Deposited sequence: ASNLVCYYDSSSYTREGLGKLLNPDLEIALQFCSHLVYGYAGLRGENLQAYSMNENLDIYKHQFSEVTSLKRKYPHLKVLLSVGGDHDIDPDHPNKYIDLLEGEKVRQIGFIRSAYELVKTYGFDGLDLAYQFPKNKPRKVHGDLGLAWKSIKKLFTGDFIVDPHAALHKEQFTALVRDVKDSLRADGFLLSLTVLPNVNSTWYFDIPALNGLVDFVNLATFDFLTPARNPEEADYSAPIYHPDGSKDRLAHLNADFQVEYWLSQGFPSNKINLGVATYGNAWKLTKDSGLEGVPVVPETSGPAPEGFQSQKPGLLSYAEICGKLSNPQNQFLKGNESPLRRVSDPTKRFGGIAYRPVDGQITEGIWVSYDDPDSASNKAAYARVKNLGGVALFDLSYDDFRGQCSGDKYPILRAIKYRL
């Protein structure tokens, strides 16, 4: 099976123990069949693909520091990903749709600039993690031209493929969280144009999108205990949609996340950690290592769960508790309510090594191509949790 390891290159410069330098990156490669360098973006002025940190990626060679790892792992394939929900540009918020709707000269400039990034820096191919409009989050028509945009995406993909053919470069698509495949992906047509598709079947709910209630963010199956939950928001619904639309199972990778979605609780959120958790208050305080409100790395979540340091501590120093449905269909929960001396309540939806292993077992049951892991920088690459480095990645590899 494949194990496609995403690498968010912003991790190279993080301040503190979330910093992922190249020796730690290399430790992962014994488990990964592919490494995907994230992320290039689109220029606001002309929609060309470009490095969002040229000083690092180009002038200090981080692109080729990563692609040259093929010298040490000769079968490793290294791709460059465009977009990924990491091209954040509030003053040019329409770039991805404008490229679809673009004049030929604008699209050709994107195709050529992408090609040149792949070739110049030693990549084996390109990942289009296209930043489509997402499902509208439900409180408590996004795109009137979706059908046109589907057709334009097929054509763009066809044109990107053509640019890659003579060199033999790979082309993948990533369907990002809450990107709706019915709206945008002509699945049977895309099958002839791309080598594989990663379905990012996680972050179905997040505190940024869903600040006032919390629910499982990456279940395999639909949780009937999640009152009123939208039925398409689960990994099996997404995978079965791609299979039923005609995509070969061996060309699909199941997306698994190494980070968790963390909500701030209130007293009114009550004492049940099984979701839906009501009356939440947006994102949890950022972790000191990951420094993103509402996200936590696996190491940060592990450090919050019971361990010999914190097991007897009280109030806001007490452990988060594990909530785990015995059927194992839905994923991990780390939880501490607002109660008593505890004033900082938190609910985290995440995969730990065991639930990530179960995602890999589901991939195998459905005869998928493998798993795509988002991303190495939030796996515990230093082994802070148990001493074992990359416990999530290894749990998935073990099962493939």
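**Q** How would you write out the unmodelled ranges of the deposited sequence, numbered from 1?
**A** Going by the record, the segments left unmodelled (no C-alpha atoms) fall at 1, 142 to 160.
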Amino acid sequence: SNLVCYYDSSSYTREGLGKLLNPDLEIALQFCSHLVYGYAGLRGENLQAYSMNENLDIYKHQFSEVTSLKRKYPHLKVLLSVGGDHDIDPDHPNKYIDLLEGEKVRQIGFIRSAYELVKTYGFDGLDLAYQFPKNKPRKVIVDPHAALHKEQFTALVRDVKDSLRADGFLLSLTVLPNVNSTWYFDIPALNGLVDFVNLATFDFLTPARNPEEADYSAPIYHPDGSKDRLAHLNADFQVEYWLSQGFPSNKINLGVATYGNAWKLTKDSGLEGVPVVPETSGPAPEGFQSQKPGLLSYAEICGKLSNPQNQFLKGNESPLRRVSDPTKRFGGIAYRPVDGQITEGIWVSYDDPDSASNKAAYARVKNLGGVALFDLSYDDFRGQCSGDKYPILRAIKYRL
From here on, numbers count along this sequence of modelled residues.
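**Q** Which has higher Cα B-factors on average according to the PDB entry: 295 to 303 or 88 to 96?
**A** Result: 88 to 96.
**Q** Where do the C-alpha atoms have the higher mean temperature factor in this entry, in 67 to 75 or in 240 to 248?
**A** Stretch with the greater average CA B-factor: 67 to 75.
**Q** Checking the entry, which one of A372, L368, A360, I342 has the top C-alpha B factor?
**A** So the option with the highest C-alpha B-factor is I342.
**Q** Per the entry, which of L47, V348, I58, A356 tops the list for Cα B factor?
**A** By C-alpha B-factor in the record, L47 ranks first.
**Q** Thinking about Cα B factors across the chain, which third does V105 belong to?
**A** CA B-factor rank for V105: highest third.
**Q** Should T182 be placed in the lowest, middle or highest third of its chain by the C-alpha B factor in the entry?
**A** Lowest third, going by the recorded CA B-factors of the chain.
**Q** Hey, what third does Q152 fall into on Cα B-factor, ranked over its chain?
**A** Middle third of the chain for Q152's C-alpha B-factor.
**Q** Hey, what third does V36 fall into on Cα B-factor, ranked over its chain?
**A** Within its chain, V36 is a lowest-third residue by C-alpha B-factor, going by the deposited values.
**Q** Sorting by Cα B-factor within the chain, modelled residues only, which third would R329 end up in: lowest, middle or highest?
**A** Within its chain, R329 is a lowest-third residue by C-alpha B-factor, going by the deposited values.
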